[PDB]
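Pasting input02.cif here (mmCIF, C-alpha atoms):
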data_run
loop_
_atom_site.group_PDB
_atom_site.id
_atom_site.type_symbol
_atom_site.label_atom_id
_atom_site.label_comp_id
_atom_site.auth_asym_id
_atom_site.auth_seq_id
_atom_site.Cartn_x
_atom_site.Cartn_y
_atom_site.Cartn_z
ATOM 1 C CA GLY B 1 96.797 73.722 123.091
ATOM 2 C CA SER B 2 94.009 74.253 125.612
ATOM 3 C CA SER B 3 95.211 76.697 128.267
ATOM 4 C CA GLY B 4 98.478 74.781 128.067
ATOM 5 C CA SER B 5 101.131 76.904 126.373
ATOM 6 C CA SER B 6 101.367 80.548 125.305
ATOM 7 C CA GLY B 7 104.850 81.128 123.923
ATOM 8 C CA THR B 8 108.424 80.752 125.145
ATOM 9 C CA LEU B 9 110.097 82.101 122.007
ATOM 10 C CA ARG B 10 109.889 85.135 119.722
ATOM 11 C CA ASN B 11 108.354 86.895 122.726
ATOM 12 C CA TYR B 12 105.113 85.166 121.740
ATOM 13 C CA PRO B 13 102.379 85.631 121.301
ATOM 14 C CA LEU B 14 103.013 88.040 118.426
ATOM 15 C CA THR B 15 100.255 90.012 116.702
ATOM 16 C CA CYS B 16 100.734 90.340 112.943
ATOM 17 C CA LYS B 17 98.854 92.128 110.162
ATOM 18 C CA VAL B 18 98.045 90.132 107.027
ATOM 19 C CA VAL B 19 99.294 92.423 104.261
ATOM 20 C CA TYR B 20 99.049 89.739 101.579
ATOM 21 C CA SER B 21 95.944 87.585 101.149
ATOM 22 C CA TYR B 22 96.438 83.821 100.929
ATOM 23 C CA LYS B 23 93.769 81.238 100.105
ATOM 24 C CA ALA B 24 94.412 78.082 102.128
ATOM 25 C CA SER B 25 94.486 75.075 99.801
ATOM 26 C CA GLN B 26 95.353 72.523 102.486
ATOM 27 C CA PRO B 27 93.311 71.447 105.539
ATOM 28 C CA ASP B 28 96.388 72.087 107.680
ATOM 29 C CA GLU B 29 96.673 75.696 106.512
ATOM 30 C CA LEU B 30 94.758 78.790 107.624
ATOM 31 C CA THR B 31 92.670 80.894 105.241
ATOM 32 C CA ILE B 32 93.964 84.452 105.583
ATOM 33 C CA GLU B 33 93.094 87.704 103.812
ATOM 34 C CA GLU B 34 94.498 91.234 103.620
ATOM 35 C CA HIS B 35 93.408 93.549 106.435
ATOM 36 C CA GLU B 36 93.249 90.594 108.826
ATOM 37 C CA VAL B 37 95.441 90.871 111.922
ATOM 38 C CA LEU B 38 96.107 87.513 113.579
ATOM 39 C CA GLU B 39 97.945 86.348 116.699
ATOM 40 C CA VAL B 40 100.960 84.065 116.282
ATOM 41 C CA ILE B 41 101.142 81.697 119.251
ATOM 42 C CA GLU B 42 103.672 79.267 117.782
ATOM 43 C CA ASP B 43 106.201 79.038 114.951
ATOM 44 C CA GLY B 44 104.178 76.170 113.516
ATOM 45 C CA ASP B 45 105.655 72.802 112.577
ATOM 46 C CA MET B 46 107.786 74.386 109.854
ATOM 47 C CA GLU B 47 110.133 77.376 110.007
ATOM 48 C CA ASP B 48 108.756 79.519 107.182
ATOM 49 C CA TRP B 49 105.240 78.666 108.356
ATOM 50 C CA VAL B 50 103.796 79.754 111.701
ATOM 51 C CA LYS B 51 100.748 78.886 113.805
ATOM 52 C CA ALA B 52 98.138 81.626 114.189
ATOM 53 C CA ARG B 53 94.478 81.842 115.198
ATOM 54 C CA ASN B 54 92.001 84.004 113.284
ATOM 55 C CA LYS B 55 88.917 85.733 114.688
ATOM 56 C CA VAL B 56 86.936 82.578 113.919
ATOM 57 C CA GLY B 57 89.275 80.587 116.140
ATOM 58 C CA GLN B 58 90.612 78.376 113.358
ATOM 59 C CA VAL B 59 94.281 77.510 113.862
ATOM 60 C CA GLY B 60 96.452 76.629 110.881
ATOM 61 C CA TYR B 61 99.860 77.078 109.270
ATOM 62 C CA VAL B 62 100.511 80.297 107.351
ATOM 63 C CA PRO B 63 103.488 81.912 105.572
ATOM 64 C CA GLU B 64 105.237 84.486 107.758
ATOM 65 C CA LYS B 65 106.775 86.185 104.721
ATOM 66 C CA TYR B 66 103.328 87.676 104.117
ATOM 67 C CA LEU B 67 102.670 88.203 107.826
ATOM 68 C CA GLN B 68 103.329 91.740 109.057
ATOM 69 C CA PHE B 69 105.159 91.303 112.363
ATOM 70 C CA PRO B 70 105.450 94.213 114.834
ATOM 71 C CA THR B 71 109.251 94.151 114.975
ATOM 72 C CA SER B 72 109.860 96.879 112.396
ATOM 73 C CA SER B 73 112.927 98.919 111.452
ATOM 74 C CA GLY B 74 111.754 102.400 110.510
ATOM 75 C CA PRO B 75 113.609 105.327 108.902
ATOM 76 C CA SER B 76 117.304 106.143 109.294
ATOM 77 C CA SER B 77 118.821 108.124 112.164
ATOM 78 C CA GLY B 78 117.209 111.544 111.884
#
As a first step, turn the structure in this file into structure tokens.
Amino acid sequence: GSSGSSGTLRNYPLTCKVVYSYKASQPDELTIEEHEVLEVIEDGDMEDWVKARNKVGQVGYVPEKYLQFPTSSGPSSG
């Protein structure tokens, strides 16, 4: 999407931190590696998979389960 859309859901975009490395085996996926924070612009075609763009600019589908979203919980009251 060239200067077309940005995100109307999940308060996108959403910056995530790749905590678990994942070698892309498909041309539709995105090669990610630990210590690599990306920017989720879309929830991808699938639900479990999301669309993110790495520093290189490559955009592919990646597993959110491994993605470290900002929306955290934290410790208990006090």
Query raised in the report: Which neighbours of residue 25 in chain B fall inside 12 Å, counting all atoms listed in the file, when residues of the same chain fewer than 3 positions from it are skipped, and could you give them as a ChimeraX atom specification?
Result: /B:22,28-32,60-62
Requested in this report: Name the residues that the PyMOL selection byres ((chain B and resi 16) around 9) picks from the file above, as a PyMOL selection string, using the file's chain letters and numbers.
Outcome: chain B and resi 14-15+17-18+36-40+67-70
Include C-alpha atoms and write out the residues we just selected as an mmCIF file, in the frame of the given file.
data_model
loop_
_atom_site.group_PDB
_atom_site.id
_atom_site.type_symbol
_atom_site.label_atom_id
_atom_site.label_comp_id
_atom_site.auth_asym_id
_atom_site.auth_seq_id
_atom_site.Cartn_x
_atom_site.Cartn_y
_atom_site.Cartn_z
ATOM 1 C CA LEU B 14 103.013 88.040 118.426
ATOM 2 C CA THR B 15 100.255 90.012 116.702
ATOM 3 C CA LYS B 17 98.854 92.128 110.162
ATOM 4 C CA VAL B 18 98.045 90.132 107.027
ATOM 5 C CA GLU B 36 93.249 90.594 108.826
ATOM 6 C CA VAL B 37 95.441 90.871 111.922
ATOM 7 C CA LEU B 38 96.107 87.513 113.579
ATOM 8 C CA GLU B 39 97.945 86.348 116.699
ATOM 9 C CA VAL B 40 100.960 84.065 116.282
ATOM 10 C CA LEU B 67 102.670 88.203 107.826
ATOM 11 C CA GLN B 68 103.329 91.740 109.057
ATOM 12 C CA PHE B 69 105.159 91.303 112.363
ATOM 13 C CA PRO B 70 105.450 94.213 114.834
#
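With all atoms listed in the file as the atoms that count, the residue of B:63, B:1, B:7, B:78 with the shortest distance to residue 42 in chain B is B:7.
Counting only C-alpha atoms and comparing B:65, B:3, B:33, B:27, the residue that lies closest to residue 50 in chain B is B:65.
Rounded to one decimal, CA of residue 49 in chain B and CA of residue 74 in chain B lie 24.7 Å from each other.
Between CA of residue 58 in chain B and CA of residue 10 in chain B the separation is 21.4 Å.
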Query raised in the report: Of the candidates B:59, B:41, B:46, B:24, which one gets nearest to residue 8 in chain B if we count only C-alpha atoms?
Result: B:41
Would you compute an axis-aligned box for range 8-12 of chain B, covering every atom listed for it in the file with 3 Å of margin on each side, and report centre and edge lengths in Å to one decimal as JSON?
{"center_x": 107.6, "center_y": 83.8, "center_z": 122.4, "size_x": 11.0, "size_y": 12.1, "size_z": 11.4}
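Going from CA of residue 35 in chain B to CA of residue 9 in chain B covers 25.5 Å.
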